[PDB]
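A.B. asks: No letters, just coordinates:
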Ligand SMILES: COc1ncnc(NS(=O)(=O)c2ccc(NCC3=Nc4c(nc(N)[nH]c4=O)NC3)cc2)c1OC
Ligand SMILES: COc1ncnc(NS(=O)(=O)c2ccc(NCC3=Nc4c(nc(N)[nH]c4=O)NC3)cc2)c1OC
Ligand SMILES: Nc1ncnc2c1ncn2[C@@H]1O[C@H](COP(=O)(O)OP(=O)(O)OP(=O)(O)O)[C@@H](O)[C@H]1O
Ligand SMILES: Nc1ncnc2c1ncn2[C@@H]1O[C@H](COP(=O)(O)OP(=O)(O)OP(=O)(O)O)[C@@H](O)[C@H]1O
Ligand SMILES: Nc1nc2c(c(=O)[nH]1)N=C(CO)CN2
Ligand SMILES: [Ca+2]
Ligand SMILES: [Mg+2]
Ligand SMILES: [Mg+2]
Ligand SMILES: [Mg+2]
């Protein structure tokens, strides 16, 4: 069989929430099936290196290779046209009354939530839960929110010292042997916490908005939107304030919308690798947190791979390391860099439509890599003419969204996908402005944009060659300011120092010590006479 | 006719001025202000200028006129004053002399007022923006009816709907007189009391025109544009015939139309300030003011720089200073000559950054400047305030906050409530200029970044710039040291300029009226792009 398995992942260690939660994912890819959906990483309010190069192999092979549909997943969503459970089913009232009891028994730091959908070979929840629990020990808490359309309840189980073997044998080519049983007292599906823990309902809204379990009184979106709605008028809380969406560039947490990172452009396009590493160094000094390297006679690979090499050396010569992204659509170039640890991010200006296979290089059995998906049409010679859009803003958004869905169906972690509207690519000047005017449409999403030096900036101003050069750099800093206030996550610029300076001042003006001083100081003045 | 009473009394009167001529509003209204100053008494308060939505339902002969006015029989006194007792009495509104004209009571007043409204609404019901301004006059005219006569003369002089001047209040009087007819000779007699008459057919027109008299003016309570103006001047004031203070009335009016009508009465009733001779809508544009520091020998280089800065996009040049006079006047005199060699309203507004009466006197006499930028807020030599007023010319002024002088002011850094202390100071400086006849809408506020302010304090003043949302705001941050203190070998130079451009952006979003800058082209490029981003094509 193949079932649809919705897990919920967890951790506490901020410094390593990545390292941990990502490993939980490799295992889930290995031992239960294929990850076909993840959600955003979230921060919520209520040695391990070596381990990898030796672990028991799964009783199945992995399909690294791509897919565009999943019928089982699709059944699941609708749902319920699946073979009957291999375990005792339970009614509406049966479940409603039993759920309550489990809650009050348990009635008597930061949390990091990350749902997942799994195409699973495993036969049933219980069997799943065993495969899971074993997983936990090998290393963090991994629930099951759903298993097909099952309304399951089972109240007591003890299991063997060999049974554990025999289930964990059916799936895995194998002191912790018994360690599991005092914990596996229970199995509720849907999980009990499901309607109650907000972090959960928040991870689900990413993945399965339109879902509806029968033992649930509305859809996961209409459930989510009621939690948020009510927790505002009832308690007067804004619940998103303390539950913050995360995205990851290398290995660290980044809170969506809380910074505008500078991405320094290094464009190698007779030319001299020694300089290009000096320029990288400069850039780091000047404020850049990312360097975007690209070439695009002799080859892309020759222009880019050495320079990244010289760099990777000279950095060991001398951990505030610049994040490195490569501006490439070339599968092979990216394969090298990634096999050689030369880069952290793929900047793919074709949103990985040049060579969808490139997505495969974004995983290893231990490491994930983040990607910039950019929208364009055609190439630099034709794109100027490729300017008709039905609904400019939304067409580009939907394009990027579909594009993300694809990587995510192929187990590229959502939180590692960045969107880029691609300013100046198959856009008239007024269309580049309209996109900026409307950038709020990306408020839910990690956003990366590149306005720097582009022709449209010039157009908005209406020796004489060098005046326009200067005005163009100057005009850019307006867009940096705009970007700062619209809270764009990354901006791709040639002029780091000027950009950093501007972002520095803007940051200060905004750094308030006391958020009520404004109204307090006003009231004091009005009582002074 | 105890109307010609020998007795020299001092009254308080509140006037309303309106015109429909957008392109000439300043000149129309400022012409009226001059004639009010000339014929009625002392202007001791004014509101902002407003562009207002008509509330009917509830060009160059002026320059000749000003050359040919009859003399007032009352002296002009330009001396500065700090206080006006009659005005404080008016506001309170305690004991004043009795009304020469006969009063009605409230019940009676409201009946006759109310009457006139319905009647009037009807007339208009069966059937272009206003430019409004109110004024407080300390007046030597004996009574409202007498004042109205003189007002009507002024309205005639100003013709060949150009100007409407109404009496809103006069002391604490409640008056409603229904069928005035006034002898042609009585008009002459009243006019002659107050004016050396040297213009006869005019007195014929006036007899028709004065038919009743209502104090308060009938519309006072009914017309937004009128309450808008009053709220500026006398928010605390309460006439006996009014349910509440001007501010309560004003606030209620704004509330009512939000509920009963869902209107937002503010959107199309715009506050105006005035830099030279044209209308600026408050908060509608961030103007660049280019800095010219003559700190030299050679003026020709300075005038080229001036011309550069215009091309670079500055709409105001702020010039500052071997005499300060010797540094500055040549440059402005050269510039004026080099500009006249030349395209007529591409000329920058010129401000002179000076606290020195003698220097500003000479500039103004030789039509060299438009604006005084007085960094002491005219506290150094308030006599300079006399120089802001001519016979047919008002000059605008920037009032900036600081303490001490450049050697002292780095240790005068202690404030109880930085943001409001400074705001209160500027508000008091404005009250002083306004009490002394400077139009409220010609005065610009400047918090004085970097003067008797630690860096943190400069930032703090910028974080809370919102406090000046109701007022014309001028700031100068350019290249000051606080900017550098805010970020992590001309590096310092560049990073400093770069940081300025951040503050240009902030200024843009906070809708600061004027930013005073060294780097014009860079600043202009930034504001051009920000403007375009805001410009929705639909
Ligand atoms: C006739 O020739 C021309 N035809 C069209 N446009 C031209 N100029 S352009 O200024 O509008 C302009 C400049 C540079 C670009 N691309 C630079 C990049 N931009 C991005 C990137 N990656 C990501 N993720 N996002 C990016 O915006 N990589 C490279 C695009 C448009 C142009 O002149 C050079
Ligand atoms: C040890 O020396 C020093 N100590 C403290 N601060 C110094 N410099 S500073 O950066 O803070 C600075 C720079 C220039 C100024 N003044 C220039 C002006 N500023 C304005 C104006 N007019 C109007 N209306 N508004 C204005 O802000 N005119 C001139 C004030 C402070 C400083 O260096 C000379
Ligand atoms: N849907 C479910 N998925 C997993 N375990 C479940 C489920 N329903 C009931 N259980 C039981 O509840 C236990 C929960 O312990 P676990 O350490 O896995 O953390 P948890 O589910 O986050 O809850 P808690 O930390 O409060 O115990 C499981 O060991 C199992 O016996
Ligand atoms: N307090 C007052 N101030 C001015 N005019 C007054 C006052 N009380 C009564 N009036 C009378 O109202 C007349 C209105 O004439 P005016 O030329 O100002 O017309 P208007 O402004 O179009 O009038 P209204 O405001 O009544 O619609 C005056 O000529 C005068 O006779
Ligand atoms: N806003 C506004 N509306 C009016 C005004 C005026 O001055 N301002 N004057 C009127 C009659 O003269 C009629 N309506
Ligand atoms: Ca006078
Ligand atoms: Mg669990
Ligand atoms: Mg009139
Ligand atoms: Mg009138």
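C.D. replies: Happy to help now that I have it. Numbers count the residues shown, from 1 in each chain, chains lettered A, B, ... in the order given. Ligands and ions are numbered 1, 2, ... in the order given.

A.B. asks: What separation is there between residue A:199 and ligand 6?
C.D. replies: Relative to ligand 6, residue A:199 is positioned 74 Å away (Cβ to the ion, to the nearest Å). Quick note: C-beta positions are derived from backbone N, CA and C, even for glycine.

A.B. asks: so what's the backbone phi/psi at that residue?
C.D. replies: With angles defined as degrees, to the nearest 10, residue A:199 sits at phi -50, psi -40.

A.B. asks: tally of neighbours for it?
C.D. replies: Other residues lying near residue A:199 total 21 when counted by other Cβ atoms under 10 Å in any protein chain shown.

A.B. asks: list the contacts for it?
C.D. replies: Each residue near residue A:199 by Cβ atoms under 8 Å, 6 or more residues apart in numbering or on different chains is listed here: A:42, A:44, A:111, A:113, A:243.

A.B. asks: Same check on residue A:173?
C.D. replies: The neighbourhood of residue A:173, defined by Cβ under 8 Å, 6+ apart, consists of A:56-59.

A.B. asks: can you rerun that using 6 Å?
C.D. replies: A:56-57 (Cβ atoms under 6 Å, 6 or more residues apart in numbering or on different chains).

A.B. asks: Residue A:409 against residue A:35, yeah?
C.D. replies: No - under the criterion of Cβ atoms under 6 Å, residue A:409 lies out of contact with residue A:35, with a separation of 9.2 Å.

A.B. asks: Who has more neighbours out of these two?
C.D. replies: Comparing residue A:409 with residue A:35 by other Cβ under 10 Å, the one with more neighbours is residue A:35, at 23 against 19.

A.B. asks: Wasn't the more buried one part of a strand?
C.D. replies: Yes - inclusion of residue A:35 in a strand is indicated when DSSP: H, G, I helix; E, B strand; the rest coil is applied.

A.B. asks: For ligand 5, see how far away the nearest residue to it once chain neighbours are set aside is.
C.D. replies: Sequence neighbours aside, residue A:411 is the residue nearest to residue A:35 in space, at 3.7 Å (criterion: Cβ to Cβ, 6 or more residues apart in numbering or on different chains). Using Cβ to the nearest ligand atom, to the nearest Å, residue A:411 is found at 67 Å from ligand 5.

A.B. asks: burial measure for residue A:411, as a count.
C.D. replies: 25.

A.B. asks: Residue A:85 now?
C.D. replies: The burial count assigned to residue A:85 is 18, neighbours taken as other Cβ under 10 Å.

A.B. asks: Could you pull up the residues touching residue A:283?
C.D. replies: Listed by Cβ under 6 Å, 6+ apart, the contact partners of residue A:283 are A:264, A:291, A:496.

A.B. asks: and these as CSV, adding distance to residue A:64 and neighbour count?
C.D. replies: Formatted as CSV, the contacts of residue A:283 follow (distance: Cβ to Cβ, whole Å; neighbours: other Cβ atoms under 10 Å in any protein chain shown):
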residue, distance to residue A:64, neighbour count
A:264, 33, 26
A:291, 29, 25
A:496, 37, 21
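
A.B. asks: which residues of the stretch 1-150 of chain A fall in strands?
C.D. replies: With DSSP state E, counting those that start in this stretch as the definition, the stretch 1-150 of chain A shows strands at residue ranges A:3-9, A:33-38, A:41-44, A:57-58, A:111-120, A:143-147.

A.B. asks: do the stretch 201-350 of chain A as well
C.D. replies: Counting by DSSP E, counting those that start in this stretch, residue ranges of the strands within the stretch 201-350 of chain A are A:244-248, A:253-255, A:261-267, A:290-294, A:323-327, A:345-348.

A.B. asks: so what secondary structure elements neighbour the first one?
C.D. replies: Applying 3 or more Cβ pairs under 6 Å, 6 or more residues apart in numbering or on different chains; DSSP states H and E, we find strand A:244-248 packed against strand A:253-255.

A.B. asks: element containing the residue lying closest to residue A:188 once chain neighbours are set aside?
C.D. replies: Closest residue to residue A:188 apart from its sequence neighbours, by Cβ to Cβ, 6+ apart: residue A:153 at 6.2 Å. If you go by DSSP states H and E, residue A:153 is part of strand A:152-154.

A.B. asks: ok, is whichever helix or strand comes after that strand in contact with ligand 3 or not?
C.D. replies: Counting by DSSP H and E, the element after strand A:152-154 in chain order, helix or strand, is helix A:163-170. No - shown here: helix A:163-170 not in contact with ligand 3 (Cβ under 6 Å from any ligand atom), separated by at least 13.6 Å.

A.B. asks: what comes up buried for helix A:163-170?
C.D. replies: Buried residues in helix A:163-170, counting neighbours by 16 or more other Cβ atoms under 10 Å in any protein chain shown, are found at A:164, A:167-168.

A.B. asks: Identify all contacting residues around that helix.
C.D. replies: The list of residues contacting helix A:163-170 from outside it, by Cβ under 6 Å, 6+ apart, reads A:127, A:130, A:134.

A.B. asks: how far does that helix sit from the chain's center?
C.D. replies: 34 Å (Cα atoms, centre = their mean, to the nearest Å).

A.B. asks: now do stretch A:26-41
C.D. replies: Averaging C-alpha coordinates over stretch A:26-41 and over its chain gives two centres that are 13 Å apart (Cα atoms, centre = their mean).

A.B. asks: And the contacts of it?
C.D. replies: Stretch A:26-41 is contacted from outside by A:58, A:70, A:73, A:114-122, A:131, A:135, A:203, A:206-207, A:245-246, A:365, A:408-409, A:411, A:413-415, using Cβ under 6 Å, 6+ apart.

A.B. asks: Can you add distance to residue A:513 and give the strands of the stretch 201-350 of chain A back as TSV?
C.D. replies: TSV is the format used below for these (distance: least, Cβ to Cβ, whole Å):
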stretch	distance to residue A:513
strand A:244-248	22
strand A:253-255	21
strand A:261-267	25
strand A:290-294	30
strand A:323-327	31
strand A:345-348	36
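
A.B. asks: gap between residue A:113 and ligand 5?
C.D. replies: Residue A:113 sits 59 Å away from ligand 5, going by Cβ to the nearest ligand atom.

A.B. asks: Residue A:396 against residue A:374, yeah?
C.D. replies: No - counting by Cβ under 6 Å, residue A:396 sits too far from residue A:374 to count as a contact (10.0 Å).

A.B. asks: Pull out the buried positions in the strand holding residue A:153.
C.D. replies: A:152-153.

A.B. asks: Repeat that for stretch A:495-513.
C.D. replies: Taking 16+ other Cβ under 10 Å as the neighbour-count basis, stretch A:495-513 is seen to contain the buried residues A:495-506, A:508-509.

A.B. asks: Identify, from the residues you listed, the entry nearest to ligand 7.
C.D. replies: Sorting those by distance to ligand 7 puts residue A:503 at the head of the list, at 41.9 Å, by Cβ to the ion.

A.B. asks: so, in contact with ligand 7 or not, stretch A:169-183?
C.D. replies: No - contact check for stretch A:169-183 against ligand 7, using Cβ under 5 Å from the ion: none in range, with a minimum separation of 8.9 Å.

A.B. asks: ok now stretch A:378-388, how far from the chain's centre?
C.D. replies: The answer for stretch A:378-388 is 30 Å, by Cα atoms, centre = their mean.

A.B. asks: and that stretch, is it in reach of ligand 1?
C.D. replies: Yes - applying Cβ under 6 Å from any ligand atom, one finds that stretch A:378-388 is in contact with ligand 1 at A:380, A:384.

A.B. asks: quick one on the thing from earlier: can you tell me which of the contacts of helix A:163-170 are up against ligand 7?
C.D. replies: Filtering these for proximity to ligand 7 by Cβ under 5 Å from the ion leaves nothing.

A.B. asks: Reformat the strands of the stretch 1-150 of chain A as CSV; add distance to ligand 3.
C.D. replies: Below are these laid out as CSV (distance: least, Cβ to the nearest ligand atom, whole Å):
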stretch, distance to ligand 3
strand A:3-9, 8
strand A:33-38, 17
strand A:41-44, 13
strand A:57-58, 21
strand A:111-120, 10
strand A:143-147, 4
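
A.B. asks: Out of the contacts of residue A:199, which end up buried?
C.D. replies: Neighbour-count burial (16+ other Cβ under 10 Å) applied to the contacts of residue A:199 gives A:42, A:44, A:111, A:113.
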